[PDB]
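Notes follow once the structure below has been shown.
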Amino acid sequence: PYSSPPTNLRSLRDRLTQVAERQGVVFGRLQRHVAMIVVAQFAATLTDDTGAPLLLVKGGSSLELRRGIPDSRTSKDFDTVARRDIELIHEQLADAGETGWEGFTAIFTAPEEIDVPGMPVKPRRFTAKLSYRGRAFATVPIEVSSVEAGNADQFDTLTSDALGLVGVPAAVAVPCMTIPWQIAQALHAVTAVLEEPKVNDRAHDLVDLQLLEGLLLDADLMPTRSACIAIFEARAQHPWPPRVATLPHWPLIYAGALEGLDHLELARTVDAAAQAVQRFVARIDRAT
């Protein structure tokens, strides 16, 4: 370990190089993960007046936090759900980023709407540009969805020690969407029928749903059914329960999403993955 924090960006990167070497990880992916954790720390400072989180992490980023880098799909976006308007969330992130944390600062670009049906308020996408002690470090894509039903009524908190590995002492504890609600969202997304020229490329959700199933406590199955019902009815698109179909290009896209997960007991082919997720859907549907 290191006795002091990195003096400058050059030092931060060298330590990342050493930790990447050590940990058998590609530098760019480790940098990305550390950058995501810095953004998560800013997100975790956004609270309501009772101290409850305004932003909860979901999707690939939460899976990475729950399972660790080796046992999770390589995540791209920092996906979240927000309990306030995007202008407020963005502004508070901007304030936190300017104040900084452990030498890191961030500016946040303009939130842009993503077209998604079934949502009165559509999700927003922007970027955090991070610096370390005044010098550009990395950029992180962020996506923010509006609350649906009870999907932000509770949260789990996941801690990462990744910053410690480069001599930055503070632990980062990150509030995340609970597994029942992440399951509801992923099932809806993976079984959605997309519009016109747009084609569902979401085979990776089949990986995520298997990882979520592995983490789900048997006593949270009834809440999972409730959560699924709530999302499927709120969005009012395809009905519950869905059929887990796979599209012609999904075999290779699915196989791509398995990168770095050999040591896990996952379906190794998209057909097997679809069968596994369909069995999960049936088990959830039985939990009335």
Side-chain angles (χ1 to χ4, degrees), residues 1-2 5-6 9 11-44 55-80 101-102 104 106 127-128 130 132 137-143 155-179 182-183 186 202-216 253-268 273:
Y2 301 93
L9 166 68
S11 171
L12 174 60
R13 289 225 164 100
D14 286 310
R15 297 184 176 184
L16 286 169
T17 299
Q18 289 162 27
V19 172
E21 158 80 333
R22 199 99 156 93
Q23 299 300 260
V25 167
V26 178
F27 179 86
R29 284 139 64 91
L30 178 60
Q31 191 163 242
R32 196 205 319 275
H33 174 76
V34 169
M36 185 268 282
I37 298 302
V38 169
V39 174
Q41 177 51 57
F42 293 135
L55 264 183
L56 300 188
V57 183
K58 65 177 184 159
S61 300
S62 64
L63 281 166
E64 198 169 281
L65 291 163
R66 284 179 186 278
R67 302 188 59 95
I69 300 143
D71 302 333
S72 64
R73 192 176 53 79
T74 180
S75 179
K76 331 204 245 286
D77 304 336
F78 181 66
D79 305 289
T80 59
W101 175 83
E102 299 290 320
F104 295 90
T127 293
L130 302 184
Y132 184 70
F137 168 50
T139 61
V140 184
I142 297 163
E143 196 178 314
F155 64 98
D156 303 320
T157 302
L158 286 297
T159 302
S160 166
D161 303 321
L163 275 294
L165 301 185
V166 303
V168 172
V172 183
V174 182
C176 299
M177 185 175 281
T178 61
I179 295 168
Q182 188 160 345
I183 288 166
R202 300 163 181 178
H204 74 271
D205 281 332
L206 300 174
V207 169
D208 288 356
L209 279 158
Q210 293 172 83
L211 296 175
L212 293 166
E213 186 184 7
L215 297 160
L216 181 74
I253 295 166
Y254 178 82
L258 292 177
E259 177 187 4
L261 303 178
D262 292 313
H263 54 276
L264 300 182
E265 199 59 46
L266 284 169
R268 305 318 293 193

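Residue numbers run from 1 in the order of the sequence given. No hydrogens, no waters, no symmetry mates; every other heavy atom, side chains included, goes into these values.
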Table please: side-chain donor-acceptor pairs of residues 158-178 below 3.5 Å, with sequence neighbours left out.
| from | atom 1 | to | atom 2 | distance (Å) |
| --- | --- | --- | --- | --- |
| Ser160 | OG | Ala162 | N | 3.2 |

Practice item. Could I get the full list of salt bridge (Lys or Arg N to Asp or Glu O under 4.0 Å) partners for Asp14, not counting sequence neighbours? Key: none
Check your understanding: How many angstroms lie between atom CD of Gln31 and atom CG of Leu12, to the nearest 0.5 angstrom?
Key -> 7.5 Å
**Study point:** Steps toward side chain to side chain contact (heavy atoms under 4.5 Å, CB included) verdict (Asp262, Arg268)
**Key:** CA-CA 9 Å; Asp262 292 313; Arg268 305 318 293 193; 3.1 Å; yes
Exercise for review: With sequence neighbours excluded, tell me which residues meet salt bridge (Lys or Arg N to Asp or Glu O under 4.0 Å) with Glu265.
Suggested key: none
Study note, to complete from the structure: Applying side-chain contact (heavy atoms from CB on, under 4.5 Å) to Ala203 and not counting sequence neighbours gives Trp250, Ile253, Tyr254
Review point. Is there a side chain to side chain contact (heavy atoms under 4.5 Å, CB included) between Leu211 and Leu266 once you walk through the steps?
Key: CA-CA 8 Å; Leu211 296 175; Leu266 284 169; 3.9 Å; yes
Study note, to complete from the structure: Contacts satisfying salt bridge (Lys or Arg N to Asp or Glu O under 4.0 Å) that involve residues 59-74 (not counting sequence neighbours) are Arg66-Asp156, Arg73-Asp208
Exercise for review: Taking the side chain as every heavy atom from C-beta outward, state whether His33 and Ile69 have any pair of such atoms under 4.5 Å apart.
Suggested key: yes
Exercise for review: With sequence neighbours excluded, give me every salt bridge (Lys or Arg N to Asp or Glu O under 4.0 Å) pair touching residues 19-36.
Suggested key: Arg29-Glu259
Point to revise | Heavy-atom pair of closest approach, residues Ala106 and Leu130 | key: CB-CD2, 3.5 Å
Review point. To the nearest 0.5 Å, what is the distance between CD (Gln182) and CG (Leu209)?
Key: 8.5 Å
Check your understanding: Closest heavy-atom contact between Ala138 and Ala35?
Key -> CB-CB, 3.9 Å
Practice item. Give, for atom CD1 of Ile179 and atom CG of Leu63, the distance between the pair rounded to the nearest 0.5 Å. Key: 8.0 Å
Study note, to complete from the structure: Taken to the nearest 0.5 Å, the spacing of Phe27 CZ from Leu16 CG works out to 5.0 Å
Point to revise | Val25 and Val19: CA distance, side-chain angles, deciding distance, side chain to side chain contact (heavy atoms under 4.5 Å, CB included) verdict | key: CA-CA 8 Å; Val25 167; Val19 172; over 6 Å; no
Study note, to complete from the structure: Minimal heavy-atom distance between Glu102 and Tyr132, with the atoms involved, is O-CE1, 3.4 Å
Revision key, fill the gap. In short, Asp77 meets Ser61 closest at the heavy-atom pair O-OG, 2.6 Å
Revision key, fill the gap. Correct closest heavy-atom pair for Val207 and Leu258 would be CG2-CD2, 4.0 Å
Practice item. Search all heavy atoms of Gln210 against all heavy atoms of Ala273 and return the closest pair with its distance. Key: NE2-CB, 3.6 Å
